[PDB]
């Protein structure tokens, strides 16, 4: 229930964003923890309900189980499969207000910081276009570290 004392509620925003620098697994599933601004990102060869559940499994290992997750109305998020996986985990789910305007501005911003940092780290290593496959995992983890941890 409580958000840990008066602290922010454990609510996540999750989305998928396409990043060809990461092909063939160019579908990046990104979660932003709304209380701490922490971000979890994983790569996927296809945008599907199952890819979203593999991504939430990893985000759950990294940040803990949330009380609720916010997403858009994508089929990979409203499928019977995905609802059931979130029901199995005890996580509430919302797609927001029908005509929400857009409510998930934090995940959108996360999407943009990530593509920019990926581009900057990749160009730093000489990769001006698609990152060679064997170099992608450590570069993506490097971009996730860069936006999460500030030695400060």
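Residue numbers count along the first chain shown, from 1. Take the two forms, find the largest set of C-alpha atoms that superpose within 1.5 Å, and that set is the rigid core.
- Two stretches, 20-28 and 5-13, are weighed by how far their CA atoms sit from the shown form in 5 other deposited structures of this protein after rigid core superposition; the farther one is 5-13.
- Taken in 5 other deposited structures of this protein and fitted on the core, 53-61 and 93-101 differ in how far their Cα atoms move from the shown form, and the one that moves more is 93-101.
- Stretches compared: 21-29, 126-134. Higher mean C-alpha B-factor in the entry: 126-134.
- In this entry, 32-40 shows the higher mean Cα temperature factor of the pair 32-40 and 54-62.
- Among the modelled residues of the chain, residue 121 sits in the lowest third by CA temperature factor in this PDB entry.
- Sort the modelled residues of the chain by CA B factor and residue 106 lands in the middle third.
- In this PDB entry, residue 87 carries a Cα temperature factor that places it within the middle third of its chain's modelled residues.
- Among the modelled residues of its chain, residue 11 has a C-alpha B-factor that falls in the middle third, as given in the PDB entry.
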